[PDB]
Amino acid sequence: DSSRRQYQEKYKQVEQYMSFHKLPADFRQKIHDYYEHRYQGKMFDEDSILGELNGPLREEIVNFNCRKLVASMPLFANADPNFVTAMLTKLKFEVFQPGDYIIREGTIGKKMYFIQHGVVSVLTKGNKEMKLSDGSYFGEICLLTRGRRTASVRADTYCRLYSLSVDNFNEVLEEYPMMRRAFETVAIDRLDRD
């Protein structure tokens, strides 16, 4: 287990970084849990690994790892496989902890998020707290309008998300333009209930 060694080795550097910058014990413990939920005691230079492979193998891997998320939402489940692949390839896996501000209402949004696992709270103003969990996405509004976030989104529980930047978003829709409607339909239904 050299990957395991990579984790333990890397985390010790994180413990020293925190010590050097004299971070509180509360924060250090948070950092700790983050690494644990995010990496799970095993680290690999995924960029280097996948870079050693080819397109097919890479697409095959991403499709397999995201298999859960795929069948989870209609968008990818009934869509063109080549669309699904192109989209997944651009996704960035991120892990958020309870209470984190995934989206802060009022700021220029540049990313949307797909929920693989977890629950988020949506504060539009006073009281919404609408909840979103496994199988749904959020943040598509500003990717479509290029304006300010119309709401706040925080992690309720531990959230295993996949982010997509506005640029990679438009890059994919450059090839599958009709798929942009799926995101619009959702952004409209949403802006409507407000």
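Start at 1 and count along the sequence shown; that's the residue number.
For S165, record whether it is unmodelled in at least a third of the other compared entries of this protein.
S165: modelled in every other compared entry.
I'd like to know whether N54, which is modelled here, goes unmodelled in a third or more of the other compared entries that cover its flanking residues.
That residue is present in all of the other compared entries.
Would 7 to 15 or 175 to 183 have the larger average of its C-alpha temperature factors, as given in the entry?
On average, C-alpha B-factors are higher across 7 to 15.
Residue range whose averaged C-alpha B-factor is higher in the record, 74 to 82 or 109 to 117
Per the deposited B-factors, the answer is 74 to 82.
Please work out which residue in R58, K125, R148, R38 has the highest C-alpha B-factor recorded for this crystal structure.
Comparing C-alpha B-factors across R58, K125, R148, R38, the maximum falls on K125.
Report the option among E140, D45, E52, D167 whose CA atom has the maximum B-factor in the deposited record.
Across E140, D45, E52, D167, the entry lists the biggest C-alpha B-factor for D45.
Pull the Cα B-factor of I31 out of the PDB entry and bin it into the chain's lowest, middle or highest third.
Ranked within chain, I31 CA B lands in the middle tercile.
Sorting by Cα B-factor within the chain, modelled residues only, which third would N65 end up in: lowest, middle or highest?
Its C-alpha B-factor belongs to the highest third of this chain's values.
Lowest, middle or highest third - CA B-factor, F96
For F96, whose C-alpha B-factor we compare with every modelled residue in the chain, the answer is the middle third.
If you rank every modelled residue in this chain by C-alpha B factor, which third holds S133: lowest, middle or highest?
Ranked within chain, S133 CA B lands in the highest tercile.
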